[PDB]
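Listed next as structure tokens is one chain, alone, in the form deposited in one PDB entry.
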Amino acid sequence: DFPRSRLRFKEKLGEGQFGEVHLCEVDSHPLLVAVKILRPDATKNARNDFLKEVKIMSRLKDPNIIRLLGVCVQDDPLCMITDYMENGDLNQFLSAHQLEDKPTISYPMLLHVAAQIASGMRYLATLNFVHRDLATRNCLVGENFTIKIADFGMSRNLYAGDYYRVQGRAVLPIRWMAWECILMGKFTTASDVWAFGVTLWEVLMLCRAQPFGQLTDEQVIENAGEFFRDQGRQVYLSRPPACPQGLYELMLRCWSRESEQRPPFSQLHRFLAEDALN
């Protein structure tokens, strides 16, 4: 519950802020798991953060959310054990595919991927859990095209350009952030909805471009001010070439100026699983 000696470390999968993820083998033939441990330079602050993440993760029980399989909080060394997701994060996965003409992925499959994210988010909503960093870099692919939402410390490292860093401030995914988050730092379910729109845009781009990729960080922050001013000078992500107009309009609703006018995840799921099929 759970004995450490049964873990055979295989390869480093990546490195976060207080943690590090390795592929491991379990001997009771061989089961593969992903194991998050403290980094070698871990401090007391890191240990505390690790213990809090166990607490948060122990609550989360849904098919489309990362699952905690097992733990060491018992005796050190600390670890979290989760499912090994053979196909990596969603960003890597989609980047390695092209859209089917007429390794490939179909448009109905992109919808299925996005519907699974929406369902994960619907679960989190019911718990009044705000994610704060929804993006494809934070989703895992298991196949048979199983998507699980996670929150990786390591995302901040391998996707450094996706985060706006000022000394003494929190590290902010500004390109995925609702205008009111950029201007006020008020993170809500409604700002998760906005980030879901951006995430959906990424899925439809097959992760080929950063959101507002031709614009600087400052222009992105200035753009949020334009939402606030509401003088019809705000700018939006363009329609992906794979995206039909009806699906684009769903994205646009995620990006409503008013929080309350953004669709709940129940509705987003329904649209992506049913309405989008026509």
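In case it trips you up, residue 1 is the first one in the sequence shown, and so on. The term rigid core refers to the maximal set of C-alpha atoms that superpose within 1.5 Å between the two forms.
The form deposited in another entry is left out here; the points below concern that form.
Given a rigid core superposition of the two forms, which one of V166, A160, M184, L127 has its CA shift by 2 angstroms or more between the shown form and the other one?
Comparing both forms, the shifted residue turns out to be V166.
Note yes or no: does the Cα of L7 move by 2 Å or more between the shown form and the other one after the core is superposed?
Yes, its C-alpha moves 2 Å or more.
Do you see a C-alpha shift of 2 Å or more at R67 between the shown form and the other one, with the core held fixed?
After core superposition, the displacement of the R67 C-alpha between the shown form and the other one stays below 2 Å, so no.
Relative to the superposed rigid core, does the CA atom of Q17 travel 2 Å or more between the shown form and the other one?
It does shift by 2 Å or more.
Please say whether the CA atoms of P40 and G88 come closer or move farther apart in that other deposited form, knowing the change relative to this form is 3 Å or more.
Farther, not closer.
Outcome for the Cα pair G14, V198 in that other deposited form, compared with this form (closer or farther; change of 3 Å or more):
Compared with the form shown here, the C-alpha atoms of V198 and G14 sit farther apart in that other deposited form, by 3 Å or more.
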